[PDB]
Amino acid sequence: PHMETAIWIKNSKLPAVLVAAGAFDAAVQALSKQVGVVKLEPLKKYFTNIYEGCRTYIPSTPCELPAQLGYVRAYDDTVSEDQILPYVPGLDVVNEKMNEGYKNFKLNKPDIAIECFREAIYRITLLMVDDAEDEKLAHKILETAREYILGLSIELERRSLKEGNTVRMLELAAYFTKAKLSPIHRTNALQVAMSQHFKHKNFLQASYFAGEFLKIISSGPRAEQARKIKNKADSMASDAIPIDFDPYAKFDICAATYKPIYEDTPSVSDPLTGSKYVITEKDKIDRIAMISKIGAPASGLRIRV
């Protein structure tokens, strides 16, 4: 709240700047009305980084004197004294983290991958952007990030099942297929689904999934199995175990219960993530990034200066 600091708060009251100006409460209150942020713990590191990220110390003369604070501004000498704001690491890094995510997805470490996407969702939350392309993009990334957190959260919950629940396990391995990931990655979802529906003589899906996969992978080791599986399966339209899954339908997967939310089905959204849940979940925290209240009303994520 000093000579420099004041300019900042005077020039922009968006969270990121509030945080950098050392006005934490003000920021906490803004993220609350804007994105429905309620649980603060997994957000400390981010408040800290923003704050320390725009401050640097140069040594004082008699060395045993404490160093002098210097501020790192967002722009250079040639800018309206109006547009004097703090430096806040922007999207360069949001991507860097989104990639760590993908790297960990190919490696098969959902835990460590979900950890990344969450981080990118946090950095987007306290981002500071000037162009409108970047603001549009920030949201695009946020969208994806949750689709991967959601898709993996489903694969995880599926892996957490003890035999005997094979009805539900086939239900999940199918829903994972509905997580709007990039095709290249959706492959592993299809393969998991396609192969589990095969294993339990449910070639009605087994065939579906396999084909839905082959149409993204011409040839290769794994792609070749997809073929051999789609044939054998196609020759016996079996329905071993019918599941609550309609590929010819429109629905979203509840990020909490992992049951499908059809167009009628009453649902509530998460102000920040946008993930969808059944009314049962109203007023609890979202599973995509334990920060916001489901259904609480918000006035929009404020990223742009």
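Numbers follow the displayed sequence, beginning with 1.
Note on 243 to 251 vs 37 to 45: mean CA B-factor is higher in 243 to 251. 217 to 225 and 149 to 157 differ in mean CA B-factor, and the higher of the two is recorded for 217 to 225. Of the residues listed, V79, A74, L170, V129, the entry assigns the biggest Cα temperature factor to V79. Of the candidates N99, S235, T125, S195, the PDB record gives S235 the highest C-alpha temperature factor. In the PDB entry, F117 places in the lowest third of its chain by CA B-factor. Placement of the Cα temperature factor of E263 within the chain: highest third of the modelled residues, per the deposited record. Per the PDB record, residue ranking by Cα B-factor puts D134 in the middle third of the chain.
The PDB entry assigns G211 a C-alpha temperature factor belonging to the highest third of its chain's modelled residues. Among all modelled residues in its chain, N165 ranks in the highest third by Cα B-factor.
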